[PDB]
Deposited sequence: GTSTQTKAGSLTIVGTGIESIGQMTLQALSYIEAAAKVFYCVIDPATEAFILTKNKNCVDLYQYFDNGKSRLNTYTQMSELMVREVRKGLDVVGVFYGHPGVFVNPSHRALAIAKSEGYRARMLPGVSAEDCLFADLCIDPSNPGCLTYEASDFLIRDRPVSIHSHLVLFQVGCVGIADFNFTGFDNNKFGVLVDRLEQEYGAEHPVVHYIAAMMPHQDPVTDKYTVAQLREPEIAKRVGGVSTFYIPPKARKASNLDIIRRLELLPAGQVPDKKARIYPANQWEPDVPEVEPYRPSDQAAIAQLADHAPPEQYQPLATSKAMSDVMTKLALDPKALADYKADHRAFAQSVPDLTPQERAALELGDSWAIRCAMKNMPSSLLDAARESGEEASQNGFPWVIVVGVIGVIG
């Protein structure tokens, strides 16, 4: 194993709070940190956690091509990896969602034989699902960059969710500190009219970046986007959500091959599971407490845990070590290098706990931490299967 590593992490969107515990731990452990974030409280927070940080944002300039900036950002990181250092790069949101230089730097490091990894983070689309109260599963989700959407004529589906990033800089390859002149926004609006119609809703979304702020969740018709006062509000952190225009019917051949009908009625196209999408045009009110829902709630009084349910049955020493492996990158590296040596130095473990850690396999760790009933083993991670039908 060569000296030198690159780990790229995210900060999430809302200042400080949306950073993951592991992103923080890698920032603290790093020899050198390079960052690109867009609020000052997050920047100040990062600087309290490591003594050797560099702001990547200084490599943008007026009329300097963004591609040249991204090549420079990547090279600054990889140069320190080649010197044998543990390097961490930090980007706002998820560091691989609509980001060029992270993928470039990781690919170069990997090709030259260094350790290289991206840790996921909370994206602007993750925030959109939470704030607009929608699930990508119901009824599917298409996600594009707005200029790419137009130039490559990417297809829409009127029966699924549509999410468009970078709607505030249609057709722009450069940078300006004061901001974008979004003079080709009308080209996007023309496309949305063609696909959806002039009276179809478009939601202008901006996630709150400070903890006390509310999100922007402003619904407009496609036609209203042509009004100059409304067009002016779309900027560099704006995303569009376009809800479905209609409900898609079921395929009879698939119903039969999956054996879903006992010769009769599947639910109708608009027999929706509560709650319905509030952004869809002409969406009917769905009943939250149907007779079937009331009967399920009545069964709560007599409920007992099923006999095949596996209750947690662990110890402080075992929960402490599993927490340490997740929150201490040095401890994890030590454990990975020698499972047996590490396991034998952990204080207060029971014999079973020690043995499970020595092996490292999931089933062993599960047996050590959960009580498995006889019922279960006289007959496999089974985590809300979602129902869309």
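Deposited positions lacking CA coordinates: Holes in the chain trace, numbered from 1: 1-5, 385-400.
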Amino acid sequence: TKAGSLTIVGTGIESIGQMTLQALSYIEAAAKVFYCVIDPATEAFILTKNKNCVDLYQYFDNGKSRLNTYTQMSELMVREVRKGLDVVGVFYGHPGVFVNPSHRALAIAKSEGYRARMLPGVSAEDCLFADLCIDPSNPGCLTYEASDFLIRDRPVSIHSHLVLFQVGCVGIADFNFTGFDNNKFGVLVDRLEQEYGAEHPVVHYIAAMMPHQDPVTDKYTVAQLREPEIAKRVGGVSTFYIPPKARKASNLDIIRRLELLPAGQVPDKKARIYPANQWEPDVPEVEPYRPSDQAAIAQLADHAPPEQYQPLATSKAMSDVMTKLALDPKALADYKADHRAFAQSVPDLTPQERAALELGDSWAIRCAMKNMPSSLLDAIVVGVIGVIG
From here on, numbers count along this sequence of modelled residues.
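Could you check which stretch, 195-203 or 158-166, carries the larger mean CA temperature factor in the entry? Per the PDB record, 195-203.
When the Cα temperature factors in the entry are averaged, is it 342-350 or 32-40 that ends up higher? Here the higher of the two C-alpha B-factor means belongs to 342-350.
Between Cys141, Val87, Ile108, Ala231, which one tops the list for C-alpha B-factor in the PDB entry? When the deposited C-alpha B-factors of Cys141, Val87, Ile108, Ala231 are compared, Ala231 is largest.
Name the residue from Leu132, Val283, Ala208, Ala124 with the greatest C-alpha temperature factor listed in the entry. Comparing C-alpha B-factors across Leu132, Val283, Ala208, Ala124, the maximum falls on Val283.
Relative C-alpha B-factor of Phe177, binned into the chain's lowest, middle or highest third: Ranked within chain, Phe177 CA B lands in the highest tercile.
Ordered by C-alpha B-factor within the chain, which third holds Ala368? Give me lowest, middle or highest, please. According to the entry, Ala368 has a C-alpha B-factor in the chain's middle third.
Record-listed C-alpha B factor of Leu359: chain third: Within its chain, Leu359 is a highest-third residue by C-alpha B-factor, going by the deposited values.
Hey, what third does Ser74 fall into on Cα B-factor, ranked over its chain? Within its chain, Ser74 is a lowest-third residue by C-alpha B-factor, going by the deposited values.
According to the PDB entry, is the CA B factor of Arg117 in the bottom, middle or top third of its chain, that is, lowest, middle or highest? Lowest third, going by the recorded CA B-factors of the chain.
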